[PDB]
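Chains as they are written, first to last, in the authors' numbering: chain A, 622 to 791; chain B, 1356 to 1502; chain C, 3 to 57; chain D, 905 to 960; chain E, 1017 to 1238; chain F, 78 to 91; chain G, 314 to 423; chain H, 1 to 7; chain I, 1 to 56, 63 to 1118; chain J, 2 to 95. Just so you know, even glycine gets a beta-carbon here, dropped at the ideal spot from N, CA and C. Let me begin by presenting the structure, written as structure tokens, before commenting on it.
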Amino acid sequence: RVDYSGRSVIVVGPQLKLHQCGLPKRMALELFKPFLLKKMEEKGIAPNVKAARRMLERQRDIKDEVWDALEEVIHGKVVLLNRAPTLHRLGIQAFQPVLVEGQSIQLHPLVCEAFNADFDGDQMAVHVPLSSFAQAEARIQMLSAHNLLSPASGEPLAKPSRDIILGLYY
Amino acid sequence: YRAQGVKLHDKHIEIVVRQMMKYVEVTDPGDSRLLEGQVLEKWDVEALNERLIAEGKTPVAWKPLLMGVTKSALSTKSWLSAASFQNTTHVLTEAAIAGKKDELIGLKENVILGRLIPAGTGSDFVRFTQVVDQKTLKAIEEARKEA
Amino acid sequence: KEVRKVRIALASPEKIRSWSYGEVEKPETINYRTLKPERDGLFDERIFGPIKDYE
Amino acid sequence: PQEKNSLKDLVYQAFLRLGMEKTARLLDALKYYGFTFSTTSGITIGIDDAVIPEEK
Amino acid sequence: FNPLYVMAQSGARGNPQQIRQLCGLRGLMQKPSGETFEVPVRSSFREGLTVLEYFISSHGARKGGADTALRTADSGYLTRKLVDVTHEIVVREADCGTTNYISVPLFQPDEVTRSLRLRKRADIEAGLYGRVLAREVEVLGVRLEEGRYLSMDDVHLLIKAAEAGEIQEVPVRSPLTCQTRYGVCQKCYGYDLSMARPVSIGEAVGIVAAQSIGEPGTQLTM
Amino acid sequence: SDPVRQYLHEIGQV
Amino acid sequence: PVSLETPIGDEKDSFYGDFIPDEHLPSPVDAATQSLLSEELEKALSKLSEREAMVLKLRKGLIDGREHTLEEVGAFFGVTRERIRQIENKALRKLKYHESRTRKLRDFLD
Amino acid sequence: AXXXXXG
Amino acid sequence: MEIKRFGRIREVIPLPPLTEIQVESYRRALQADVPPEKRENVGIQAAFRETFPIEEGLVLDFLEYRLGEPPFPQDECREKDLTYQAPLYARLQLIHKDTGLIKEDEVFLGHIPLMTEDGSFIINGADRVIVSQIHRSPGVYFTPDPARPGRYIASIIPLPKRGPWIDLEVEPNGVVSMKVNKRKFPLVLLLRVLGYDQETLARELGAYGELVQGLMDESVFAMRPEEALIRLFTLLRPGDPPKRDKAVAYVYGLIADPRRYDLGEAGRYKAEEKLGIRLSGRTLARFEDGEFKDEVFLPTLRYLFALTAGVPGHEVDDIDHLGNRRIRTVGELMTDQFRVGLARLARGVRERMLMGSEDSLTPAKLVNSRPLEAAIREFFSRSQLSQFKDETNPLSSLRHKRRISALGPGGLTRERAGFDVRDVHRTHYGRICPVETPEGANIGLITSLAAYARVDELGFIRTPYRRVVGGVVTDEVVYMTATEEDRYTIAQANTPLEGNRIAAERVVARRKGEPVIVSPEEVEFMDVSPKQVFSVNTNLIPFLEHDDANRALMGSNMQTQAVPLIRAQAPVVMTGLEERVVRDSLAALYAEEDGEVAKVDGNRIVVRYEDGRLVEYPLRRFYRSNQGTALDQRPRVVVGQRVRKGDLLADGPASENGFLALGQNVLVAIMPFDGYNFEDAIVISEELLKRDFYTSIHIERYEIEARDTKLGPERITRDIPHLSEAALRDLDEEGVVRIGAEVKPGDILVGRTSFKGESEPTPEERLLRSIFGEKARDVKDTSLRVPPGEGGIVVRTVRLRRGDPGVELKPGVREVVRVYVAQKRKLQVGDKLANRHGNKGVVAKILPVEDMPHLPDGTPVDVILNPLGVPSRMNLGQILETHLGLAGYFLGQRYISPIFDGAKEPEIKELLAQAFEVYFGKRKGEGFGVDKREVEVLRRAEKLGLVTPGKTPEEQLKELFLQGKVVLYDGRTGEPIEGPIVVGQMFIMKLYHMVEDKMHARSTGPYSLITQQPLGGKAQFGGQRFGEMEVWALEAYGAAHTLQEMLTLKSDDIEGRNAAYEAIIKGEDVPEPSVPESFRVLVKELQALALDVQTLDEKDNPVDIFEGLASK
Amino acid sequence: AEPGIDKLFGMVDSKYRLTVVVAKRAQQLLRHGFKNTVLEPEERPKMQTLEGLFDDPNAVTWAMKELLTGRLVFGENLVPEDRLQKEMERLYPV
DNA sequence: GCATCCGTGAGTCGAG
DNA sequence: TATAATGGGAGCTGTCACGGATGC
Ligand SMILES: [Mg+2]
Ligand SMILES: [Zn+2]
């Protein structure tokens, strides 16, 4: 089992670019919590680390600048989304997270086929790669938009299906 | 797989079948310490045979051996891999009696120990790469030009 | 140093005694009142170490 | 008419010739137009759309 | 422009048989034994099945569900067996310099045994695309060199020359012949099929193979 | 096989 | 006592002990807090001369671990116990002013 | 209970 | 609200009491209302009768038993976490045979749990349900030998744990073998012990094909019954001395002893019918006049040989036939545990009878009731068939009470369960539902009793059929077993009838499950109803005949998962069973006799009956179910109302005017929308939230104990160290949050202090203490706080204190406080929705009203479902539902459409026409013509062949409307959708899988004891499991550092994780991992196995990963 | 996709070597607070805040861009490790 | 050489 | 610390899926 990791129900978000995904605000706050303490001390939001953590302990103690600080924390970084069962390497992919209201993780439509996820209640787990090395591996080799072909057959994996095919055919 | 309309490159299938023909059974030990029937890797028996021919000795007569994935997996060299698969007690006794060493060649071993796997960013081929800008590279070039 | 190999072999009774920090003599766990480790028991502090750091 | 196989071959060829950056852009585009058009096209399902042929 | 027809043709949703059940007859049904009822379900779903028709179908339904549930398990097991028996295989060098290779046959013996016939395109693509020629191959006045990574077009051309009877089998670098220890080299392997370029030295081939063989396992019957 | 049965036999010997 | 490997649930996938938190070892938060405490205390003990800072480090045990009496820090520094206690007082007091000013060490008092 | 999620 | 019903099938009988399988079974087992002398020998009475007399000399016999009244009422038991149960007394008498002295006393045996009115139990405060078990019936069976084609195996099976399975076989050497306890020996020997002589076996088995010669052994008759008996004992018991009385005792106990060997009444009956003989009892043989006498063995051998020869009138048995499989209901299962516990009590009795003061012994001194109590408590607590009750809605509970499990004690392990056990057998018809089963690992092993089906006294399931004589259908109904059913030709319920006469020349019928077309002259019986084929859940799916079974399965399953909604509605389209479900589940409250309603309150209703008596009915209000859903009843009558018998008084949860309400009727459009309904995702209107559609109430229970400690007592208090008045604001004088207070994550529900574990303050703390000049407090803050992601309004607190009346807690506990927290949940993004046809999906988008597709008259739709969910799923019922829904929307009506006798397309078209007149002719009167956009759409429809070209706009719009389709305007543009869209009302439910209960995230948190890895689970603030396969995935990307991080810094590398956190909060890059603690654990566990695991460098010199700490 | 990813894959014999280079460079920038950057002020990757455009905090983003400029050198054994460390510490203190 | 016994395996999360 | 007492009980049964080792 591992630290820095969450899970929620997936929901379709077609507004996302291929390399993106919708990560709930509360989820992201708890996942990046140390980075957010650091960025909070890097601005005027808190005196120090412990003051910031005690500040974030209760939900009514949480204000507006903190979400902007969090926005600044996650910039450029990618999370890992994983859907069990993990049958081949594209069961885990890297996305730049985009903070969203609500409690649901928003998945990009094209990658669905590779996760074998629909939206009839499926869930997914989020993992926050920590080091600079980890992040680099994720953004180069593990990014969804970098993996466009099946390591199995060679043919495309992210590719139009359902509504998309329908619209273009029509 | 074709039957079910699954496109799947022969490559992978050949990698596995390759792991299936990994082993051989001696039919005549020749001038070796080996034994008639004793099973070993085709690689190791070819190295021994080349060392024995290089010594002007009799090479080892051996037979190609096919074995299915499970046996072939348990039959690995690295006992840390074999133990974490199946028939743990068997593997572990065999190894402890043999006083076996695991060279941490595979991924499984390193995964268990929590090392950096010998793969991808962890390949000995690429991990030793260095990076430097032209400014620092020239400053260091001046330091090397000094001495 | 860097760990490059891992060996596995039989433990001689002498090796086992070398590892040992003491022989457990009693089939006793912790005292039924003080809830502390018994002497020469499975949870003795005299053998396996202190319960508290540096105490 | 554009369907599954042809769109697949388009994405392959696009990967090959124009790289994964452009193929990503193209994919997101295809996504946008495909969905937006599917919306307005008027595709629905009513019981009469299962047309039993007389031949039967 | 009928919705079912559209969704079917486009590959957006549905196959002929499902559609057939929606409109035509449902079809023949199976007894729990594996035997087939002499009486077919004459109704469509749009018409509405009888009680007895529904009950007759339930057998098949239950059987298929049980097939799913009991399949997932053994497919997983196979995946894990494969992962364990291949895990140590990674692309370790650029070339093992083996002079050995395999010969992918473009023609297979017909079941009539009358002659040899060409193999299916998909199949030849499965054994050729992204492979490296271990010998010089010249057909239709084009020169395919020793060392060349067969792009998809190279394959198609090779099929075209095959139909022209200039070539019956293709010499290629294969893992079955690689002599790289504890792995395979770059040439013997071939294209990193995920990127349609040669495989990067250091890519965990074994795992990827086990996963590629694994994933569709949950689609194969019991 | 069964240690009870065994000891009972060894006792049934004297 | 009850078994730690007492099955929970109708599957083999759960043990009672799998639910039992390990209170003993310190969490990363706790250890980090102790590190920042030691570093902030060193930051506030550098605002004293090395003498008074060293007497405050010997009377509280941030040095050899234990707390020395006034007679031992007075014999070590070569002063009277009244004097060693006096510079302890002025160190404590200067520390109290430093704290009333910067307010850095307030948050650690829980 | 199991499958795509009836129960 | 007119309710129009369709269909021509007249149901001759209503459904039986739906919980009867529970209630009647338990009532039968207890016989609590039966005067002792009138009790039948069944149930616990039979258990007593098998256990007693207890002998060895003293003798303790049994007279009768009695059950007293429960010490606490059900409600009070639910509150105090007590079992609802009745005291059991047994009247016992002790005879000393020699003295003649008789001492008689009533001894207390402990308590037995009582079944509530609705068929469930209360065990330690929690509602529980005993699930019926299906198993192989006892009896004699003949099956084909899979090894030898012309050869057969005989099997004699008794009740579970009532003795061994015995096999008879004809060996390749021709001798007939018996197998008992995995011991193969020649049957001949046993036949000799039974008293059989070579003459009798020769004349009995003679006719057969020399098989009898394999039974011929000279050496066996040479030993007469005594030596043969000792020979067999030596064969079955190696090493055990072959004493005569030991052999007699052993063989008797194994074969003839009704106390150690029992075929059921079922096994006995079936064996009788199969071998064509008559049994004196439930054992294979008897001990009569000093010797052993045969019952079963010879007839069984006779049959086996006959079947092997090919002699006509001998069949193998289908073991999956529902004639050979029976149901153990609550009564039988409980009785089985009771019998075990009684046997243990008897071992105890005999124990105490050997020891003692032998002159003074009362029944009281002899009976220790403890083992009996233990067996009962064990059954009701830890048995596999005893399941925490599903009360999510009333259908959940009912279905749960109607479940059948092939698993459990003496049942199938899922590992042993292949396709044959899980199949729908032909005999399931009318008995066990073919549709309703789980998709996962339990498929076909857990099932549901069919709606008309009843379990008989023998445990076999029986289904009703109407008698038919000379083409005339009687109102006589006969319930048959599958074995019985197999003898007849039975017509389908939908066969046309004029009066009571069969009106078709060709009628569809079954013979042994096989479909066959017959004349009315040959029809012996007829189905009662299509309804009888399916479960209660499946009977709730309208237009079922149009849905593929696989999707029907899902709709069935998901109804169980519906959340009670504050505004819940009955379906626009119903199957007609929606009222009976509410009634039989005891959800709603009903009038007892005719009368006038006296008082009506939110809290209670008072009725005056014709007797003149006032009856007061309390209402259950905002009670928390097992699953946390709100269960409360709301009064449906007003003061002075005249009510007749069985009239509705109050609606329970998920009830609208006595009809089952699992969800909402919403106006749906079936079209794609901008990718927001892609892959089963669902788009909804904000208008649903605005009007509180899909709003449900949920109550959570938090609990905390203050106990005595060695370090001093914990206490519930308002005085909590280092907390502001801000944090204590909503706490009362005693330290408990006030009723009505809003609590959010981090807030204190119950303040608690505990004396600190003895502290070595670190020098940092001593110095910091000197600096702030404040004494470290004696105690610390242990208070109960609201967990992450939870919260709401406090509606109740319970406080139980030691030293208070009625109250005794578990040892060491000073007090227990419970806080109940209620929330109103509005539908949100991520909540799961579904319909009865198996269409399910998560809400992906909530659109403002102006963004929604709307009808030309300005009315926006509620829900947008993707049509792509249809073709591949082949569930067209949802479509028909929608069409009829459309009609119902404009006509203001609801429908009853019975399964397989429904509304049909033509009638729905008529109704749709009517509705068109309402939807349009209104517009024509209001002064508006057809819209331009309508004209454009009409043009496209004409191209689609949807409407006939040349008709007026009105005639064409009517044509579309009759196809169920309408013009729709996009709310964003105002331009019409280019085709006409299907729109109508659909019944959709919100399921219990809610994103609010699911979302979870962790930075750092608790670690496991031995492994030092993060805990699992949301309640424990756990981390996600990164399993073997996720590892394979990372390896395949060759992402080595991310992986190494997962294996070290983010899990069990202690120094690593601490250093990582410290580094991140400092803004420093994370440091290099070191050895994970679980590898260290591996090493130590291998050392304890006497293996030496050594980490070496490349020079083969040891490296210490324990950093010297483990090396002396 | 990451901007210019095709060229980046073009610059190396193995994609993983690209990752190692990018990552090591990112750590060099973090350790030296970006003072060692080869990007000119106009080439600096930016992030939109509420105030206005600011420097992009993401060192990996930076590294990829520098790699994209051609201003970086990479390969095995360009220089002994301690010498590189000490020189970079001399030129840009942290 | 060919029947036969015993011991080891039997997918993934999440919640219990 | 003192009549004499001298061999035990519970099994538990619808799955393979073979794998090797052991036996006429
Ligand atoms: Mg799904
Ligand atoms: Zn090679």
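Just to confirm my understanding: we take residue i, look at its own chain, exclude 5 residues before and 5 after, and list those with CB closer than 8 Å. What are they?
i: residue 724 of chain I; result: 734, 737, 738, 739, 740, 741 and 757
i: residue 776 of chain A; result: 770
i: residue 148 of chain I; result: 158, 159, 160, 161, 309, 310, 313, 320, 321, 322 and 323
Tell me whether residue i is buried or exposed, calling it buried when 16 or more other Cβ atoms sit within 10 Å of its Cβ.
i: residue 1419 of chain B; result: exposed
i: residue 525 of chain I; result: exposed
i: residue 917 of chain D; result: exposed
i: residue 255 of chain I; result: exposed
Determine the chain J residues that contact residue i at a beta-carbon separation under 9 Å, and present them in chain order.
i: residue 710 of chain A; result: Residues of chain J passing the Cβ test: none, with the nearest at roughly 14 Å.
What does residue i touch in chain I if you count any residue whose Cβ is under 9 Å from its own?
i: residue 1079 of chain E; result: 425, 428, 429 and 430
Just to check my reading of the structure: residue i and residue j have Cβ atoms closer than 8 Å, yes? What is that Cβ distance to the nearest angstrom?
i: residue 906 of chain I; j: residue 550 of chain I; result: 7 Å
i: residue 25 of chain I; j: residue 337 of chain I; result: 4 Å
Please work out which residues of its chain come closer than 7 Å, Cβ to Cβ, to residue i, disregarding the five sequence neighbours upstream and downstream, and give them in chain order.
i: residue 718 of chain I; result: 761
i: residue 635 of chain A; result: 730
List, in chain order, every chain I residue whose beta-carbon is nearer than 7 Å to that of residue i.
i: residue 18 of chain C; result: 1096
Rounding to the nearest angstrom, what Cα-Cα distance links residue i and residue j in this structure?
i: residue 6 of chain J; j: residue 763 of chain A; result: 13 Å
i: residue 618 of chain I; j: residue 598 of chain I; result: 13 Å
i: residue 784 of chain I; j: residue 87 of chain I; result: 34 Å
i: residue 207 of chain I; j: residue 218 of chain I; result: 8 Å
Using a C-beta to C-beta distance shorter than 7 Å, which residues of chain E count as neighbours of residue i?
i: residue 1408 of chain B; result: Here the premise fails: no neighbours, minimum Cβ distance about 17 Å.
Residue i versus chain E: which residues are under 8 Å apart at the beta carbon?
i: residue 967 of chain I; result: The contacting residues do not exist; residue 967 of chain I stays about 18 Å from chain E at best.
For residue i, which residues in chain D fall below 9 Å Cβ to Cβ?
i: residue 957 of chain I; result: Ordered by position in chain D, no residue passes the 9 Å Cβ test against residue 957 of chain I, which lies about 17 Å from the chain.
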